[PDB]
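This text opens with one protein chain seen in two forms, each one given by itself as structure tokens under the names structure 1 and structure 2.
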Structure 1
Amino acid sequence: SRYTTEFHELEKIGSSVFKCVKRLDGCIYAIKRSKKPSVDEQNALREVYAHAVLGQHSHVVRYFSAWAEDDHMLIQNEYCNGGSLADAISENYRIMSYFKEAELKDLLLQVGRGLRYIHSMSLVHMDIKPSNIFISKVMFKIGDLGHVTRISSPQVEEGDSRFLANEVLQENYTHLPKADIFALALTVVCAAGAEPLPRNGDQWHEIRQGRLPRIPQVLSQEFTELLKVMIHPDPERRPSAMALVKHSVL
């Protein structure tokens, strides 16, 4: 098998994803091995197609190769040795020491540049959340292109409900880029030290009214006001990724 022959498997890093050394080049890669799926195959192939047009950007995880063997599909991507934002947030949570305002702005700006790049390729990510942001200056890179779709798709697989804009839940796909913007604000909120976001119920709905969850630290008004517009109930009111990256607060 290509996998066994080309790569030395170092360890499992996600449940599968493995940290591997490619034997010829001496580099370390993250390789996802999933069972080969149909509508499910189309969804698997969009991940690959997305990766293969989104390999030029410093804030999107680099793709190297993908292949099929057995009943598995394989994707070999850039290894980010800092883990995901989810783990850094969860460690912060235990130590009661969060991203400070300067680091939240950096997080927001870097990921915002990633979205800006995705969105200019007429693509939307649709699953922005801390577990899909990888850490390599710390560098943040968007990864997990499993929900990537073209921006005017009439059908969307919705991402994690914690980060899901209401209009996407209502199957209104008229402004899909602003769904990524909404999820990015909530991502930054979690990095700021917020409690686990709700999945349904009255707290879920409340955020989708444009009320920011409680943040256990004091932030500038100007920064809080940017995060809050990013979760505006009206997606049109939310900044584009380009407007976000040029924003004076950043």
Structure 2
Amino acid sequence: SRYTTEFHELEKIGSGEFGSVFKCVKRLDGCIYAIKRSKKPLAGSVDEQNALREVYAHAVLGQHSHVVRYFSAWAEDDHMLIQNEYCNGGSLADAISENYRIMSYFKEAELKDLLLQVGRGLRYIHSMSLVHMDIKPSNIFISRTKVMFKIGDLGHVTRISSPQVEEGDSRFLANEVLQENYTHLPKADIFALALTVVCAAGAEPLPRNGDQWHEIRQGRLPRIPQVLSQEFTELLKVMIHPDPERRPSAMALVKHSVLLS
């Protein structure tokens, strides 16, 4: 087995209906990688389509400092394996959970740093005529150097041009995508990034549906318990503007005065 041959398992760092993720050291270079191991999906299925989006997204993207680097992908023994960069800080979701446990928080400055860094990742992805379509804390990963935020889980990535949309988490989904309007998909990533930052900011668990879900798509923010400048607030507000054309592009976002730097 190539997996056992090329790598030594150190620890399981993830599990679910996607299979498992392992922290592994590669014997040859002594470096650490996150390897996802999963049952090879049924030919022609959803998870196969989702899985191929991931492979063919790397084929295009290459390498960027705010996107989790992809090294290789293979299949064997009726499983598929994908070898990615290992980010020692876990995901933003883990960090948010840890913040509540020990009762710390991300300073307003650190919220802005998060927004800029992920924003840079998004600008790169969008420049390659791709959209991520599943931005949320659990898909943002952290490397501690003094910190790098990196976009991961490319399983929903689709083309801007000929988009094949597997809808992302309902909690971070812009209404126009739910309305099968795919004419401005980059702006959906922006919408989801705003709510991601609001989660980091200490806001309550986002609604999956119902009234409060709609109230957000009406362009109003969840309550943030920290003291954020009225202008950082206004940046986040316009990022969930009902009209996705009023939302800034990724490139407009990373050049914003509020975030420099």
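By rigid core we mean the largest C-alpha set that fits within 1.5 Å across both forms. Structure 1's sequence is the ruler for residue numbers, which start at 1. Shifts are known only where both forms have a C-alpha.
Residue showing a 2 Å-or-more C-alpha displacement between the two structures once the rigid core is overlaid, selected from 174, 170, 122, 155 | After core superposition, the one over threshold is 155.
Using a superposition on the rigid core, decide whether the Cα position of residue 215 changes by 2 angstroms or more between the two structures.
-> The answer is no; the displacement is under 2 Å.
Is residue 58 one of the residues whose Cα moves 2 Å or more between the two structures, with the core superposed?
-> Stays below the 2 Å threshold, so no.
Yes/no, residue 81 Cα shift of 2 Å or more between the two structures with rigid core fixed = No, because once the rigid core is superposed, the C-alpha of residue 81 moves less than 2 Å between the two structures.
Between the two structures, how far the Cα of residue 96 shifts once the core is aligned, in Å = On core superposition, this C-alpha lies 3.6 Å from its counterpart.
Any chance you could measure the C-alpha shift of residue 228 between the two structures with the core superposed, in Å?
-> Value for residue 228 between the two structures: 0.2 Å of C-alpha shift.
Stretches between the two structures where the CA atoms of at least 3 consecutive shared residues shift 2 Å or more, core fixed | Segments displaced between the two structures after core fit: 38-43, 51-55, 93-97, 152-155.
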